[PDB]
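Presented below, as structure tokens, is a lone chain in the form deposited in one PDB entry.
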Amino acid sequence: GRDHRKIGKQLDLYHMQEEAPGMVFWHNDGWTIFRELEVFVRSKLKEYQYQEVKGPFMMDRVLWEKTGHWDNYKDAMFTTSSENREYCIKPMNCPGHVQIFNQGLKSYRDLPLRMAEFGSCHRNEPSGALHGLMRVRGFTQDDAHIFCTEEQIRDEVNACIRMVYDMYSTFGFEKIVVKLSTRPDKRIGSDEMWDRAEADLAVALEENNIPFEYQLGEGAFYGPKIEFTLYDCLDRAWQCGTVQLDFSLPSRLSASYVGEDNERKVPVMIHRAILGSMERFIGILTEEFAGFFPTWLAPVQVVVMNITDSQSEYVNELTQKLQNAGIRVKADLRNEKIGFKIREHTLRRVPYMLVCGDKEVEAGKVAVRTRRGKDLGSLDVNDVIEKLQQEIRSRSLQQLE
């Protein structure tokens, strides 16, 4: 009883309909979760020293032919036309990132250049294969590309791996299985490029004490991949993360920089995504938590409620203070029994229920109950606000005990 489709309906997070197969409509509360997940990713982009960009939604087929995506992916790409030119709605963000890199002369002092995007991508998947948020047609990839020198590969691949485990640990995912996918039958780049790339990814895994198995022939057409699979609380495997080494795309798109030796050089490209897609990861989280999202992700974090209208002015004031502390809060001043109110907000998976009777109004206190049924007692309002702020800002998995 943790279906993301059911929870998504019950908590008014999102919906899907037949007029847009495999594409999500995010309702207010679901979009709040999505945006908080974006805020989290951005905090990591800042920490790990990434730029953030935005590329065009479509680009001319001629460009996708040049990069190799047309030859490999044409049947799974959406196309559209204008003025006798054909455009592919983008399946990937990498070519756009190279286009941005190519604006303005680059040198070795600009490298490593780490370029991230919340990339809106589309895949023309067979419609019968779509399911929930887990297999979709339109998605938002937490993508980035690192442009670096050959000598910087080791440190930059190492940083990507650190970033992967760091981010998964935030959500409580500690059981991770790793595969290394090597040269596929249909590919671009020379065998010596592939020897180098496969070797570098293998060394990274050895050095980080990450056990792995090879997945022979399952690499991307443009480079080998480290694939990260996390396991949820039901012990189900979800492949989410990927780190790839690419010596082909930057050459094909005429990317270059001036090295230390003043010689014109082609940058190496590292591709990576960690969550995989915002939509699928939200799906996974919804099931992992069964809708009991950690406080930092919860659509509504606190509900403050009165017993009678005698405490209404105090509740409104307290609601305002919580909102000023950055907390997603609402007041429940209805003329309903306290057990009726508490149940409604517990059903809605609100982390904290703040109750104000006469005794609380008199003492400048608030009675705190958690959605798990724990009565924390009557506590000083400022102590409660501070404790909630820390729980939220630290992105704690745990509520107050």
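Just count from 1 along the sequence shown to find any residue number.
In this crystal structure, the stretch out of 328 to 336 and 25 to 33 whose C-alpha atoms carry the higher mean B factor is 328 to 336. Looking at 181 to 189 and 220 to 228 together, the entry lists the larger mean B-factor for 181 to 189, computed on C-alpha atoms. Comparing the C-alpha B-factors of 242, 79, 301, 256 in the entry, the top value falls on 256. In this structure the maximum Cα B-factor among 145, 280, 264, 137 is found at 264. Compared with the other modelled residues of the chain, the Cα B-factor recorded for residue 202 ranks in the middle third. Among the modelled residues of its chain, residue 213 has a C-alpha B-factor that falls in the highest third according to the deposited record.
Remark: residue 64 belongs to the middle third of its chain, ranked by C-alpha B-factor as recorded. Looking at the C-alpha B-factors along this chain, the one for residue 106 belongs to the highest third. In this PDB entry, the Cα temperature factor of residue 316 sits in the top third of its chain's modelled residues, the highest group.
Below: the form deposited in another entry, not depicted.
Hinge assignment between the shown form and the other one, options 314, 163, 177, 38: the residue at the boundary between rigid parts is 177.
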